[PDB]
Amino acid sequence: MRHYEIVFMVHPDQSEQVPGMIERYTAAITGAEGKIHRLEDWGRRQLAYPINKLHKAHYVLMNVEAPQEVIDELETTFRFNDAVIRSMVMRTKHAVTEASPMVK
Amino acid sequence: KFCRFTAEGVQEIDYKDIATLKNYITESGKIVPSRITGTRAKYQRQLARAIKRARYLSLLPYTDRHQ
Amino acid sequence: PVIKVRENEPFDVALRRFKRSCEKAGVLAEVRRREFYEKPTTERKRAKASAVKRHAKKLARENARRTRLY
Amino acid sequence: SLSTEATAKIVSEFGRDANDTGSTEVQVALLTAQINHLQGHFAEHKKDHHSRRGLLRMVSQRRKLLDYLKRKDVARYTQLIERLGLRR
Amino acid sequence: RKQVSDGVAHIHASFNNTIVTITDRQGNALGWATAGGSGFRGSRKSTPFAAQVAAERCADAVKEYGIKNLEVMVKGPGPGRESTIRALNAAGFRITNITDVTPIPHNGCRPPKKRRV
RNA sequence: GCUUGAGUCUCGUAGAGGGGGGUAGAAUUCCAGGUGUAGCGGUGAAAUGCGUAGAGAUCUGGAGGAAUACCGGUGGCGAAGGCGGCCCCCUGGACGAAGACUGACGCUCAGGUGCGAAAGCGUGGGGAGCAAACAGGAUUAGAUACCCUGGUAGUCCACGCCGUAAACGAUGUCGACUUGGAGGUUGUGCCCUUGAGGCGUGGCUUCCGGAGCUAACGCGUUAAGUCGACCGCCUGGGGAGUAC
RNA sequence: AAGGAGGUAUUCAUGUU
Ligand SMILES: [Mg+2]
Ligand SMILES: [Mg+2]
Ligand SMILES: [Mg+2]
Ligand SMILES: [Mg+2]
Ligand SMILES: [Mg+2]
Ligand SMILES: [Mg+2]
Ligand SMILES: [Mg+2]
Ligand SMILES: [Mg+2]
Ligand SMILES: [Mg+2]
Ligand SMILES: [Mg+2]
Ligand SMILES: [Mg+2]
Ligand SMILES: [Mg+2]
Ligand SMILES: [Mg+2]
Ligand SMILES: [Mg+2]
Ligand SMILES: [Mg+2]
Ligand SMILES: [Mg+2]
């Protein structure tokens, strides 16, 4: 299993749905027996520049150990979901189960 | 001189650490050269990747004439 | 290079500060280099020649700093 | 390249002694598995000339090892090509 | 006519010519002036003095609106690039911001070929 | 038979190495609209050209193509050509540490096969910017040019063909030996890391220089030094890399 | 554009700014 690290920024209007989306993605990964090493909802953060004329996205970070097929499926879900403004998934060698600097 | 990263034995830049990236960018938003900063070459490349990833995630501005 | 006039700041000082900020940014140099298309061969040749010139004079100074001028 | 567990399985299968990795049979088996694996990749990416060069090196190395084994021990050569299904 | 007491001065300073345009904060243009209108032609219109007189002409043009505050946005590699700012200060506006807005590409379109002169 | 050459395995390291697919922002162009008015554009100086049907400028929205500022470095990677935003998938090579393993399995290579910048060709798309040809305006005694305003192939994509470059380090590949210094980059061992340090030990890489070599220029442990193995090539200049 | 200084260039507390 490959360690991934996902950050997906959500439209602030849809901030009330973020725990639901978090639960759905967690359930998918857990159903695929993927580990979840970190999950940190950063909240609204006042983006440096207006993405699609919108500010203050809901960042939400999540470090995961899961297979690549489920990651690809999750990426497709991100692309098709209008709620999430942006997302990025990056491979990592080791699961960094430590506190994030901004949360710290 | 005085490469800051090798002083603490940092393994990776961890782009989420904005404050360090703020030190290593200029007011206009571009990356300060390693010749000026004093960073080692390997950490400089890691720092450049981290800043670019942060710019994509909109934690840092590409330029000051953006928003 | 955004500049905002500080409280109790003279205009001439502000203008000189703005010129300093533009110099540090290197705007004029960038646009001037981008005025015309430089071929990749020309760019590589120019960079290499400049490095050679810099290195040569460094060696020249560091060596000729041990001689009797008079 | 090739995963660790797959390499361990091949070494166990073809090794005269389980820890004898340097065996010519083991090397040929490892090369054959890697060559067979890359067939799908190069079918997908016909323009990957840089990787195909490494593939050619593997093929040439395998035939050199096979020639050496044929010189040294004919029976081992026949058995190995039977195991791996290699034309001559 | 609609007094606003704060304007934006866009100074487009090319090598050949300098165009100064006073506008509202939102973007609607109020008045403009250029060295060509100032009468200088060619080698004389590509000089800082022409930019200064064009800035003065523009300030007179937008004098009707009674603008007091003025933020400056200077753009382009122009010969003067500064004489316009000095002229506006002399004309008697409070300069609030001095901002450079030169459009620098991030390795975009190919520039024209080098001149062989 | 042996283990020193060669190769395999264990753990890590750095890299614009390659292929495929997404995505980001700046910028150019065009379109629609608002504000606003007589110039804009260009040159050594002008004109062609564009603008009262409202240009240029300024603001908002949209479409599209191409390329990735800063970082960036006589830095890195690749056999060479060459490779530069970020992310994911597939994939090649190199190097270091400690060992274990096979046991000469090696080096070179005519024919042969493959890769091979740019321009060019075929079929089908795409087309923002740039720009051979071409058109116009200038310059000049002339200007089939340099300069200016436009501008088609092409530059981009997919699949084929072409197979040439000052494809250059003008230096074939492999191996061994021979004084040094200053750096860069990437590993790694030890010494109290007395905190950014001190002493080693590899790989790749830039400069200076000794013997030696060279016609000289210069090369100089990455040799053009002292040698060994294999291959390619030269025999005065033109005619000619031309004719058949 | 012209003149002066330092270096191969920076360490030179952050803060302030
Ligand atoms: Mg291998
Ligand atoms: Mg031009
Ligand atoms: Mg190399
Ligand atoms: Mg041949
Ligand atoms: Mg071509
Ligand atoms: Mg074609
Ligand atoms: Mg066509
Ligand atoms: Mg032309
Ligand atoms: Mg043109
Ligand atoms: Mg040839
Ligand atoms: Mg070349
Ligand atoms: Mg040759
Ligand atoms: Mg060979
Ligand atoms: Mg030398
Ligand atoms: Mg011929
Ligand atoms: Mg020829």
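Reckoned from all heavy atoms, side chains included, excluding hydrogens, waters and symmetry mates. Letters A, B, ... mirror the listed sequences (proteins, then strands); counts begin at 1.
Annotation for C:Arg17: atom CZ counts as buried by contact number, over 12 foreign heavy atoms lying within 6.0 Å. With a 6.0 Å radius and a threshold of 12 heavy atoms from other residues, nucleotides or ligands, A:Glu33 has its CD atom at or below the threshold. Residue-environment remark: CD (A:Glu16) stays at or below the threshold of 12 foreign heavy atoms within 6.0 Å. Heavy-atom contacts from other residues, nucleotides or ligands closer than 6.0 Å to CD of B:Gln67 number more than 12. For CZ of C:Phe11, the number of neighbouring non-hydrogen atoms (other residues, nucleotides, ligands) closer than 6.0 Å is greater than 12. Heavy atoms of other residues, nucleotides or ligands lying less than 6.0 angstrom from CD of C:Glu9 number more than 12. Other residues, nucleotides and ligands contribute more than 12 heavy atoms inside 6.0 Å of the CG atom of D:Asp17. In B:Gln11, the CD atom is not crowded: 12 or fewer heavy atoms of neighbouring residues, nucleotides or ligands sit closer than 6.0 Å.
The six-membered or imidazole ring of A:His3 lies near that of A:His37, with a centre-to-centre distance under 6.0 Å. A distance of 6.0 Å or more separates the ring centres of B:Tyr24 and B:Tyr43.
In this structure, CD1 in B:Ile36 is found 14.5 Å from CD1 in B:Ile31, a value given to the nearest 0.5 Å. A distance of 9.5 Å separates CG in B:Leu47 from CZ in B:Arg4, rounded to the nearest 0.5 Å. In this structure, the separation between CZ on D:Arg83 and CD on D:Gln79 is 7.0 Å, given to the nearest 0.5 Å.
Under 4.0 Å is where a charged nitrogen must lie from a carboxylate oxygen, and between D:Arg52 and D:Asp48 no such pair does. Here C:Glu38 pairs with C:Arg46 in a salt bridge; the nearest charged N to carboxylate O distance falls below 4.0 Å. Ion pairing of B:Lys16 with A:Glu5 is present here, as a side-chain N (NZ or NE/NH1/NH2) and a carboxylate O approach within less than 4.0 Å. Ion pairing of E:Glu82 with C:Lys19 is present here, as a side-chain N (NZ or NE/NH1/NH2) and a carboxylate O approach within less than 4.0 Å. Salt-bridge formation is not detected for the pair C:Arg65/C:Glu62: no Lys NZ or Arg NE/NH1/NH2 atom is positioned less than 4.0 Å from an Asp or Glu carboxylate oxygen.
Looking at E:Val101 and B:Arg65, their side chains come closer than 4.5 Å, going by heavy atoms from C-beta outward. Under the 4.5 Å side-chain criterion, counting only non-hydrogen atoms from C-beta, D:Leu55 is in contact with D:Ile35.
Geometrically, B:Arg40 does not engage B:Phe5 in a cation-pi contact defined by less than 6.0 Å to the ring centre and at most 45° from the axis.
Using modelled atom types, one finds a donor on one side chain and an acceptor on the other under 3.5 Å when comparing A:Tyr59 with B:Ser58. Under the 3.5 Å distance criterion, with hydrogens and angles disregarded, a donor-acceptor pair is assigned to the side chains of A:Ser100 and A:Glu40. Side-chain contact of B:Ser28 with B:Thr26: a donor-acceptor pair under 3.5 Å is present, judged by distance alone. Neither side chain, E:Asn16 nor E:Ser14, offers a donor N or O lying under 3.5 Å from an acceptor on the other. For the residue pair B:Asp17 / B:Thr20, a side-chain donor-acceptor distance below 3.5 Å is found, with atom types taken as modelled. Counted by atom type alone, D:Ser23 and D:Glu25 present one or more donor-acceptor pairs between their side chains at under 3.5 Å. Judged by distance alone, the side chains of A:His94 and A:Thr92 never bring a donor and an acceptor atom under 3.5 Å apart.
Aromatic ring pairs are classed by plane angle as parallel below 30°, tilted from 30° to 60° and perpendicular above 60°; the pair A:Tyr25 and A:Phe78 is perpendicular.
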For residues 107-117 of chain E, which side-chain N or O atoms pair as donor and acceptor with protein atoms under 3.5 Å away, sequence neighbours left out?
{"residue": "E:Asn107", "atom": "OD1", "partner": "C:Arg34", "partner atom": "NH1", "Å": "3.3"}
{"residue": "E:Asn107", "atom": "OD1", "partner": "C:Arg34", "partner atom": "NH2", "Å": "2.9"}

When the side chains of residues 56-68 of chain D are checked against the rest of the protein, which donor-acceptor pairs come out under 3.5 Å, sequence neighbours left out?
{"residue": "D:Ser60", "atom": "OG", "partner": "D:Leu56", "partner atom": "O", "Å": "3.1"}
{"residue": "D:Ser60", "atom": "OG", "partner": "D:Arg57", "partner atom": "O", "Å": "2.8"}
{"residue": "D:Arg62", "atom": "NH1", "partner": "D:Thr32", "partner atom": "OG1", "Å": "3.4"}

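The shortest non-hydrogen separation linking A:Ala66 to A:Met1 is CA-CE, 3.8 Å. Closest heavy-atom contact between C:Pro1 and C:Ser21: CB-OG, 3.6 Å. Considering all non-hydrogen atoms of both residues, B:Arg55 and A:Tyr49 come closest at O-OH, 3.0 Å.
When each of A:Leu54, A:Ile51, A:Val84 is tested with A:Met9 by the rule side chain to side chain contact (heavy atoms under 4.5 Å, CB included), just one qualifies, namely A:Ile51.
A:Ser15 places a side-chain N or O within donor-acceptor distance of the main-chain N or O of A:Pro12, the cut-off being under 3.5 Å.
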